[PDB]
file my_file.cif (mmCIF, N, CA and C atoms)
data_data
#
loop_
_atom_site.label_atom_id
_atom_site.label_comp_id
_atom_site.auth_asym_id
_atom_site.auth_seq_id
_atom_site.Cartn_x
_atom_site.Cartn_y
_atom_site.Cartn_z
N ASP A 13 -28.22 17.68 -34.18
CA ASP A 13 -27.05 17.96 -33.32
C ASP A 13 -27.19 17.22 -31.99
N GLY A 14 -26.79 15.95 -31.99
CA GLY A 14 -26.92 15.11 -30.84
C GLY A 14 -28.32 14.80 -30.41
N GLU A 15 -28.41 13.65 -29.81
CA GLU A 15 -29.59 13.17 -29.16
C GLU A 15 -29.31 12.93 -27.70
N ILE A 16 -30.34 12.57 -27.00
CA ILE A 16 -30.26 12.37 -25.57
C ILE A 16 -30.43 10.92 -25.18
N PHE A 17 -29.69 10.53 -24.16
CA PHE A 17 -29.77 9.22 -23.56
C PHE A 17 -29.69 9.35 -22.05
N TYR A 18 -30.79 9.10 -21.36
CA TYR A 18 -30.82 9.26 -19.91
C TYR A 18 -30.33 8.01 -19.21
N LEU A 19 -29.57 8.20 -18.13
CA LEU A 19 -29.08 7.09 -17.33
C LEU A 19 -29.51 7.28 -15.89
N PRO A 20 -30.81 7.13 -15.59
CA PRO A 20 -31.34 7.36 -14.25
C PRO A 20 -31.05 6.20 -13.32
N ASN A 21 -30.30 5.24 -13.82
CA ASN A 21 -30.07 4.01 -13.09
C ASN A 21 -28.72 4.07 -12.41
N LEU A 22 -27.84 4.80 -13.04
CA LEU A 22 -26.45 4.84 -12.65
C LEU A 22 -26.28 5.79 -11.47
N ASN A 23 -25.59 5.34 -10.43
CA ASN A 23 -25.41 6.16 -9.24
C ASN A 23 -24.45 7.31 -9.55
N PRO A 24 -24.44 8.37 -8.72
CA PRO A 24 -23.57 9.53 -8.93
C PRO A 24 -22.15 9.18 -9.36
N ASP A 25 -21.60 8.12 -8.78
CA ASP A 25 -20.22 7.74 -9.06
C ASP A 25 -20.09 7.24 -10.49
N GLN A 26 -21.00 6.36 -10.88
CA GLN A 26 -21.06 5.85 -12.25
C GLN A 26 -21.34 6.99 -13.22
N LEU A 27 -22.39 7.73 -12.90
CA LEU A 27 -22.85 8.84 -13.72
C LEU A 27 -21.74 9.87 -13.95
N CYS A 28 -21.06 10.26 -12.88
CA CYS A 28 -19.95 11.20 -12.98
C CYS A 28 -18.78 10.58 -13.74
N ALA A 29 -18.60 9.27 -13.58
CA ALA A 29 -17.49 8.56 -14.21
C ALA A 29 -17.61 8.58 -15.72
N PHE A 30 -18.84 8.58 -16.23
CA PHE A 30 -19.05 8.58 -17.67
C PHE A 30 -18.37 9.78 -18.32
N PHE A 31 -18.71 10.99 -17.88
CA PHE A 31 -18.19 12.18 -18.54
C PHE A 31 -16.74 12.42 -18.15
N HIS A 32 -16.31 11.83 -17.05
CA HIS A 32 -14.95 12.02 -16.56
C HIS A 32 -13.94 11.54 -17.60
N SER A 33 -14.25 10.41 -18.22
CA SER A 33 -13.42 9.87 -19.28
C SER A 33 -13.63 10.67 -20.56
N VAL A 34 -14.89 11.00 -20.78
CA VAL A 34 -15.32 11.74 -21.95
C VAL A 34 -14.66 13.10 -22.04
N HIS A 35 -14.78 13.86 -20.99
CA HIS A 35 -14.35 15.25 -21.00
C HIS A 35 -12.84 15.35 -21.13
N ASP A 36 -12.15 14.33 -20.63
CA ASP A 36 -10.70 14.24 -20.78
C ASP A 36 -10.31 14.13 -22.26
N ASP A 37 -11.23 13.59 -23.05
CA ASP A 37 -10.97 13.29 -24.46
C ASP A 37 -12.29 12.95 -25.14
N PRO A 38 -13.01 13.97 -25.63
CA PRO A 38 -14.38 13.83 -26.15
C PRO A 38 -14.50 12.92 -27.37
N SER A 39 -13.40 12.31 -27.79
CA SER A 39 -13.43 11.38 -28.91
C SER A 39 -14.08 10.05 -28.51
N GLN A 40 -13.91 9.65 -27.25
CA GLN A 40 -14.41 8.37 -26.78
C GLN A 40 -15.82 8.49 -26.22
N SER A 41 -16.30 9.71 -26.18
CA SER A 41 -17.63 10.06 -25.73
C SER A 41 -18.70 9.08 -26.22
N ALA A 42 -18.78 8.87 -27.53
CA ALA A 42 -19.76 7.94 -28.11
C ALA A 42 -19.62 6.54 -27.51
N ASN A 43 -18.38 6.13 -27.29
CA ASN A 43 -18.08 4.83 -26.70
C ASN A 43 -18.49 4.82 -25.25
N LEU A 44 -18.22 5.93 -24.61
CA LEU A 44 -18.40 6.08 -23.18
C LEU A 44 -19.88 6.12 -22.86
N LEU A 45 -20.55 6.92 -23.65
CA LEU A 45 -21.98 7.08 -23.63
C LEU A 45 -22.63 5.70 -23.80
N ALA A 46 -22.09 4.93 -24.72
CA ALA A 46 -22.51 3.55 -24.94
C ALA A 46 -22.44 2.72 -23.66
N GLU A 47 -21.31 2.75 -22.97
CA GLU A 47 -21.11 2.01 -21.74
C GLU A 47 -22.02 2.55 -20.67
N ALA A 48 -22.35 3.83 -20.79
CA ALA A 48 -23.33 4.46 -19.92
C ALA A 48 -24.72 3.89 -20.20
N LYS A 49 -25.03 3.75 -21.49
CA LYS A 49 -26.31 3.20 -21.94
C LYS A 49 -26.38 1.75 -21.55
N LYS A 50 -25.29 1.10 -21.86
CA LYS A 50 -25.05 -0.29 -21.59
C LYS A 50 -25.10 -0.57 -20.10
N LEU A 51 -24.52 0.32 -19.32
CA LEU A 51 -24.59 0.26 -17.87
C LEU A 51 -26.00 0.43 -17.38
N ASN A 52 -26.61 1.49 -17.87
CA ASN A 52 -28.01 1.79 -17.59
C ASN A 52 -28.86 0.56 -17.85
N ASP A 53 -28.49 -0.15 -18.88
CA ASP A 53 -29.16 -1.37 -19.31
C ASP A 53 -28.75 -2.54 -18.44
N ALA A 54 -27.48 -2.54 -18.07
CA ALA A 54 -26.87 -3.64 -17.36
C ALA A 54 -27.48 -3.81 -16.00
N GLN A 55 -27.67 -2.69 -15.33
CA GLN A 55 -28.16 -2.74 -13.96
C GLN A 55 -29.62 -2.34 -13.85
N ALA A 56 -30.08 -1.53 -14.82
CA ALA A 56 -31.44 -0.96 -14.89
C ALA A 56 -32.40 -1.38 -13.76
N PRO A 57 -32.22 -0.80 -12.57
CA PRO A 57 -33.14 -0.99 -11.45
C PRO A 57 -34.52 -0.41 -11.75
N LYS A 58 -35.54 -1.25 -11.69
CA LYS A 58 -36.90 -0.80 -11.91
C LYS A 58 -37.55 -0.49 -10.57
N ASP B 13 -43.31 18.89 -15.97
CA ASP B 13 -42.57 17.62 -16.08
C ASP B 13 -41.69 17.61 -17.32
N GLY B 14 -40.55 16.93 -17.24
CA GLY B 14 -39.65 16.84 -18.38
C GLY B 14 -39.17 18.18 -18.88
N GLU B 15 -38.72 19.04 -17.97
CA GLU B 15 -38.13 20.31 -18.38
C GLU B 15 -36.63 20.13 -18.53
N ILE B 16 -36.18 19.91 -19.75
CA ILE B 16 -34.78 19.61 -20.00
C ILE B 16 -33.89 20.81 -19.70
N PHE B 17 -32.73 20.51 -19.13
CA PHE B 17 -31.74 21.51 -18.81
C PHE B 17 -30.34 21.00 -19.16
N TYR B 18 -29.55 21.84 -19.83
CA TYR B 18 -28.24 21.42 -20.29
C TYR B 18 -27.14 22.01 -19.42
N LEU B 19 -26.14 21.20 -19.14
CA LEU B 19 -25.00 21.61 -18.33
C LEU B 19 -23.71 21.42 -19.13
N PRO B 20 -23.56 22.16 -20.25
CA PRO B 20 -22.43 21.99 -21.18
C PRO B 20 -21.12 22.51 -20.63
N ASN B 21 -21.22 23.52 -19.80
CA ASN B 21 -20.06 24.24 -19.34
C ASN B 21 -19.52 23.64 -18.05
N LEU B 22 -20.32 22.81 -17.41
CA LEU B 22 -19.87 22.09 -16.24
C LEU B 22 -19.08 20.87 -16.61
N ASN B 23 -18.06 20.64 -15.81
CA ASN B 23 -17.17 19.52 -16.02
C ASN B 23 -17.62 18.40 -15.11
N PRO B 24 -17.20 17.15 -15.38
CA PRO B 24 -17.56 15.99 -14.57
C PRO B 24 -17.57 16.30 -13.08
N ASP B 25 -16.55 17.01 -12.62
CA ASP B 25 -16.37 17.27 -11.19
C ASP B 25 -17.37 18.31 -10.69
N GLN B 26 -17.71 19.25 -11.56
CA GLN B 26 -18.68 20.27 -11.23
C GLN B 26 -20.04 19.62 -11.03
N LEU B 27 -20.39 18.79 -11.99
CA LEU B 27 -21.61 18.00 -11.96
C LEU B 27 -21.64 17.00 -10.80
N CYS B 28 -20.46 16.54 -10.35
CA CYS B 28 -20.35 15.52 -9.29
C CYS B 28 -21.18 15.89 -8.05
N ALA B 29 -21.06 17.14 -7.62
CA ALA B 29 -21.75 17.60 -6.43
C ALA B 29 -23.26 17.56 -6.62
N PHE B 30 -23.69 17.90 -7.82
CA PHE B 30 -25.10 17.93 -8.15
C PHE B 30 -25.75 16.57 -7.89
N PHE B 31 -25.24 15.51 -8.52
CA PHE B 31 -25.76 14.17 -8.28
C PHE B 31 -25.74 13.86 -6.80
N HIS B 32 -24.66 14.24 -6.13
CA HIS B 32 -24.46 13.89 -4.74
C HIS B 32 -25.56 14.47 -3.88
N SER B 33 -25.91 15.72 -4.12
CA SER B 33 -27.01 16.35 -3.40
C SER B 33 -28.35 15.78 -3.87
N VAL B 34 -28.40 15.47 -5.15
CA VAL B 34 -29.62 15.04 -5.83
C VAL B 34 -30.00 13.61 -5.46
N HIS B 35 -29.01 12.72 -5.43
CA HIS B 35 -29.28 11.32 -5.13
C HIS B 35 -29.39 11.13 -3.63
N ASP B 36 -28.59 11.89 -2.89
CA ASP B 36 -28.67 11.86 -1.44
C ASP B 36 -29.94 12.55 -0.98
N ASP B 37 -30.34 13.62 -1.67
CA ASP B 37 -31.58 14.30 -1.30
C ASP B 37 -32.41 14.68 -2.52
N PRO B 38 -33.20 13.72 -3.04
CA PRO B 38 -34.12 13.95 -4.16
C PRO B 38 -35.18 15.00 -3.84
N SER B 39 -35.34 15.29 -2.55
CA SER B 39 -36.34 16.22 -2.08
C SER B 39 -36.05 17.64 -2.54
N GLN B 40 -34.83 17.88 -3.00
CA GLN B 40 -34.46 19.20 -3.47
C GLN B 40 -33.88 19.20 -4.86
N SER B 41 -34.09 18.14 -5.62
CA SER B 41 -33.58 18.06 -7.00
C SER B 41 -33.79 19.37 -7.78
N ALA B 42 -34.83 20.14 -7.45
CA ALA B 42 -35.04 21.45 -8.07
C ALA B 42 -34.12 22.52 -7.49
N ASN B 43 -33.99 22.56 -6.17
CA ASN B 43 -33.06 23.49 -5.52
C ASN B 43 -31.63 23.11 -5.89
N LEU B 44 -31.43 21.81 -6.01
CA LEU B 44 -30.19 21.24 -6.49
C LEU B 44 -29.98 21.63 -7.95
N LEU B 45 -31.07 21.56 -8.72
CA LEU B 45 -31.07 21.97 -10.13
C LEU B 45 -30.50 23.36 -10.22
N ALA B 46 -31.03 24.20 -9.36
CA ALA B 46 -30.62 25.57 -9.24
C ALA B 46 -29.12 25.70 -9.10
N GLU B 47 -28.53 24.80 -8.32
CA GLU B 47 -27.12 24.88 -8.00
C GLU B 47 -26.25 24.46 -9.18
N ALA B 48 -26.70 23.46 -9.93
CA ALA B 48 -25.94 22.98 -11.08
C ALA B 48 -26.05 23.99 -12.18
N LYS B 49 -27.23 24.56 -12.30
CA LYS B 49 -27.49 25.59 -13.27
C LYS B 49 -26.82 26.88 -12.81
N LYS B 50 -26.69 27.01 -11.50
CA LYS B 50 -25.93 28.08 -10.87
C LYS B 50 -24.45 27.95 -11.19
N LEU B 51 -23.96 26.73 -11.05
CA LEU B 51 -22.57 26.41 -11.31
C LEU B 51 -22.28 26.54 -12.79
N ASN B 52 -23.22 26.04 -13.58
CA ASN B 52 -23.15 26.16 -15.02
C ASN B 52 -23.29 27.62 -15.41
N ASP B 53 -23.90 28.39 -14.53
CA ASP B 53 -23.98 29.83 -14.68
C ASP B 53 -22.69 30.50 -14.20
N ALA B 54 -22.09 29.91 -13.16
CA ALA B 54 -20.97 30.53 -12.46
C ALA B 54 -19.72 30.57 -13.31
N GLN B 55 -19.45 29.47 -13.96
CA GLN B 55 -18.21 29.30 -14.69
C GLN B 55 -18.44 29.53 -16.18
N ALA B 56 -19.71 29.62 -16.53
CA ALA B 56 -20.15 29.78 -17.91
C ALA B 56 -19.40 30.86 -18.69
N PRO B 57 -19.31 32.10 -18.16
CA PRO B 57 -18.70 33.20 -18.89
C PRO B 57 -17.18 33.14 -18.79
N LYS B 58 -16.57 32.57 -19.82
CA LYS B 58 -15.14 32.35 -19.86
C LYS B 58 -14.40 33.68 -20.01
N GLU C 35 -18.68 16.35 -31.58
CA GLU C 35 -17.77 15.27 -31.15
C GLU C 35 -17.67 15.26 -29.63
N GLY C 36 -18.68 14.71 -28.99
CA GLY C 36 -18.72 14.67 -27.55
C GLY C 36 -20.09 14.32 -27.03
N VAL C 37 -20.25 14.40 -25.72
CA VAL C 37 -21.55 14.19 -25.09
C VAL C 37 -21.82 15.35 -24.14
N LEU C 38 -23.04 15.81 -24.11
CA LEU C 38 -23.43 16.90 -23.23
C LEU C 38 -24.24 16.40 -22.05
N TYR C 39 -23.87 16.86 -20.86
CA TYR C 39 -24.63 16.55 -19.66
C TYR C 39 -25.95 17.27 -19.73
N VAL C 40 -27.00 16.51 -19.83
CA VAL C 40 -28.33 17.08 -19.83
C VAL C 40 -29.18 16.46 -18.74
N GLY C 41 -30.09 17.24 -18.23
CA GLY C 41 -31.02 16.75 -17.26
C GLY C 41 -32.43 17.04 -17.69
N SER C 42 -33.38 16.38 -17.07
CA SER C 42 -34.77 16.59 -17.40
C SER C 42 -35.56 16.72 -16.12
N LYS C 43 -36.22 17.85 -15.99
CA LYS C 43 -36.92 18.21 -14.79
C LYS C 43 -38.32 17.59 -14.76
N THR C 44 -38.47 16.51 -14.02
CA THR C 44 -39.65 15.65 -14.14
C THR C 44 -40.32 15.35 -12.79
N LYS C 45 -41.02 14.20 -12.72
CA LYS C 45 -41.69 13.75 -11.50
C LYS C 45 -40.69 13.55 -10.36
N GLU C 46 -39.63 12.81 -10.63
CA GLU C 46 -38.56 12.63 -9.65
C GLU C 46 -37.82 13.95 -9.52
N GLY C 47 -37.73 14.62 -10.65
CA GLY C 47 -37.44 16.02 -10.68
C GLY C 47 -36.11 16.34 -11.30
N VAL C 48 -35.19 15.39 -11.33
CA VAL C 48 -33.95 15.57 -12.07
C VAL C 48 -33.41 14.22 -12.51
N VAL C 49 -33.26 14.05 -13.81
CA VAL C 49 -32.62 12.87 -14.34
C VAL C 49 -31.34 13.27 -15.05
N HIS C 50 -30.34 12.43 -14.96
CA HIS C 50 -29.06 12.72 -15.56
C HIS C 50 -28.94 11.95 -16.86
N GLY C 51 -28.97 12.68 -17.96
CA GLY C 51 -28.85 12.06 -19.25
C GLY C 51 -27.73 12.67 -20.04
N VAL C 52 -27.64 12.32 -21.30
CA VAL C 52 -26.55 12.80 -22.12
C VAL C 52 -27.01 13.12 -23.51
N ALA C 53 -26.60 14.28 -23.99
CA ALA C 53 -26.88 14.67 -25.34
C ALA C 53 -25.62 14.49 -26.16
N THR C 54 -25.61 13.46 -26.96
CA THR C 54 -24.40 13.06 -27.65
C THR C 54 -24.25 13.80 -28.97
N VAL C 55 -23.27 14.67 -29.03
CA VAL C 55 -23.13 15.55 -30.17
C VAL C 55 -22.04 15.06 -31.11
N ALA C 56 -22.42 14.88 -32.36
CA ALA C 56 -21.55 14.32 -33.37
C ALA C 56 -20.97 15.43 -34.24
#

call {"tool": "encode", "arguments": {"input": "my_file.cif", "output": "structure tokens"}}
result
Amino acid sequence: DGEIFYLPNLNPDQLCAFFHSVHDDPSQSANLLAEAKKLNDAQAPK
Amino acid sequence: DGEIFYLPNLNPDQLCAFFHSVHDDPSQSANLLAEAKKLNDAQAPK
Amino acid sequence: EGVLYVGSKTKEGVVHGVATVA
């Protein structure tokens, strides 16, 4: 029942933005989560 | 370390404040934790 | 069908992750 994907890279605005689209319509969640992962990956500050 | 906590009942906007306190003040991410879990506690019982 | 806001209480003390529920 679901797995976890942490996005410790994304700032509050980005982070909040992910579920904002999701919660409006949980169908795109997987897609959104992806862009979250992808974002996390895109900027991934070490 | 790594004590997972779920915020299913909180909405993007509810969670918004959490990051804001958390990223602005990591020094209280636990006291902040309390608040999100508080909020997730607050609105939890529908 | 959705994603769950999850956090993990760690060294930094709170990470914002997602539990994607199918």

call {"tool": "resolve_selection", "arguments": {"input": "my_file.cif", "expression": "the PyMOL selection byres ((chain C) within 7 of (chain A))", "output": "list in words"}}
result
residues 35, 36, 37, 49, 50, 51, 52, 53, 54, 55 and 56 of chain C

call {"tool": "calpha_fit_rmsd", "arguments": {"input": "my_file.cif", "fixed": "chain A", "moving": "chain B"}}
result
1.4 Å

call {"tool": "select_by_dssp", "arguments": {"input": "my_file.cif", "residues": "chain A", "states": "strand (DSSP E)", "output": "list in words"}}
result
residues 15, 16, 17 and 18 of chain A

call {"tool": "select_by_dssp", "arguments": {"input": "my_file.cif", "residues": "chain A", "states": "alpha helix (DSSP H)", "output": "list in words"}}
result
residues 24, 25, 26, 27, 28, 29, 30, 31, 32, 33, 34, 35, 36, 41, 42, 43, 44, 45, 46, 47, 48, 49, 50, 51, 52, 53, 54 and 55 of chain A

call {"tool": "decode", "arguments": {"input": "my_file.cif", "residues": "region 31-58 of chain A", "atoms": "C-alpha atoms", "output": "compact mmCIF listing (two decimals), in the first residue's frame"}}
result
# COMPACT_ATOMS: atom_id res chain seq x y z
CA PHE A 31 0.31 17.91 -3.03
CA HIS A 32 -1.59 21.08 -3.94
CA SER A 33 -2.17 19.71 -7.43
CA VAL A 34 -2.48 16.19 -6.09
CA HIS A 35 -5.07 16.82 -3.42
CA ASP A 36 -7.21 18.75 -5.89
CA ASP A 37 -7.35 15.55 -7.93
CA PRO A 38 -5.49 12.50 -6.54
CA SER A 39 -5.44 10.89 -9.99
CA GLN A 40 -2.38 12.91 -11.06
CA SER A 41 -0.65 12.16 -7.77
CA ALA A 42 1.64 9.53 -9.35
CA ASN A 43 2.54 12.05 -12.04
CA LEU A 44 2.93 14.81 -9.53
CA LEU A 45 4.97 12.70 -7.20
CA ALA A 46 7.14 11.96 -10.23
CA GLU A 47 7.77 15.66 -10.87
CA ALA A 48 8.47 15.89 -7.16
CA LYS A 49 11.00 13.05 -7.51
CA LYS A 50 12.19 14.53 -10.72
CA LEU A 51 12.44 17.93 -9.06
CA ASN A 52 14.22 16.44 -6.10
CA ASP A 53 16.55 15.00 -8.70
CA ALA A 54 16.62 18.11 -10.83
CA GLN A 55 17.92 20.41 -8.17
CA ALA A 56 19.15 17.87 -5.55
CA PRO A 57 21.33 20.20 -3.42
CA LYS A 58 23.98 18.16 -1.65
